[PDB]
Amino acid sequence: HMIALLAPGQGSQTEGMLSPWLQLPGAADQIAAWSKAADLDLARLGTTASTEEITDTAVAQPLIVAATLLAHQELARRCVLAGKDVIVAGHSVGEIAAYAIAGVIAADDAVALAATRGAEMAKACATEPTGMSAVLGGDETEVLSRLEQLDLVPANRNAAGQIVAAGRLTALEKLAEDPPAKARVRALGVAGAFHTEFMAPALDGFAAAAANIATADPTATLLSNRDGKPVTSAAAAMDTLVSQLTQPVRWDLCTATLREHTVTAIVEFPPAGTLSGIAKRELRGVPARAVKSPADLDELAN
């Protein structure tokens, strides 16, 4: 059989998200090591900081990856999944955590790389007034067509009827003013058009950081948001990760690939979001587990 391990992206972070994890043995110590690598007080950020302060992309990205890996670390500690085949996939910034889960990069380097990705993208959000807006429902063709008409990018293709448009706020506003029939448009609380050319100025810093990190070929099937296909080599995986900075997240293609395999169970790492639910739609009959507390890293075995 095969267990799908899914790593969440931005939008799922919440105040105190690390509290229930800093109780584990070695947790606090790892956050200290990661706080150093990312030059960020992740400890206070994930426990006391306000949801508003942590919504800053420069912070939520490494914080989300940190939460994800703490769980993975503990999961690795108890060897609960030792011996079981897995397929790994992450959404957006979640890919960095997915890479660490799949053994491409060390956890400390993953968090620091995530912190760089956040600081660089934050910088990029300042070069143009951009944003992202979820578009739910509506006739797919009409919605997508409308997006191109407005110079908007379908930065996220998450599932049928589940897309995220991104571009200049100016174009996002014209979208919300006249939405395609039946389509709901909701502006997301993000500083810019992630996964689009508008993040281009963040490439240099992100690319340089990635090129200096020690990598290894994935120890497990690792999918990419690029096209839902696996990246089989360290180099291919990293090059794709850097490139994803300005490219659409094809989450729909990733889940389609999961279907191709014999995924018998779905595990979504914290801060648990909506990946489990999205993955359920295509992998019907497959049980899912939302990891939001250490008291969950047990059932995963059975």
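One rule holds for the numbers: they count along the sequence shown, beginning at 1.
Annotation for 175-183 versus 107-115: the higher mean temperature factor (C-alpha) is found in 175-183.
Averaged over Cα atoms, the B-factor as recorded in the entry is higher for 257-265 than for the other of 257-265 and 232-240. Out of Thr141, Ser92, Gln149, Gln73, the entry records its largest CA B-factor for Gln73.
Remark: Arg78 belongs to the highest third of its chain, ranked by C-alpha B-factor as recorded. Per the deposited record, the Cα B-factor of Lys123 falls in the middle third when ranked against the other modelled residues of its chain. Among all modelled residues in its chain, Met2 ranks in the highest third by Cα B-factor. Annotation for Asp85: C-alpha temperature factor in the highest third relative to the rest of the modelled chain, per the entry. Per the PDB record, residue ranking by Cα B-factor puts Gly277 in the middle third of the chain.
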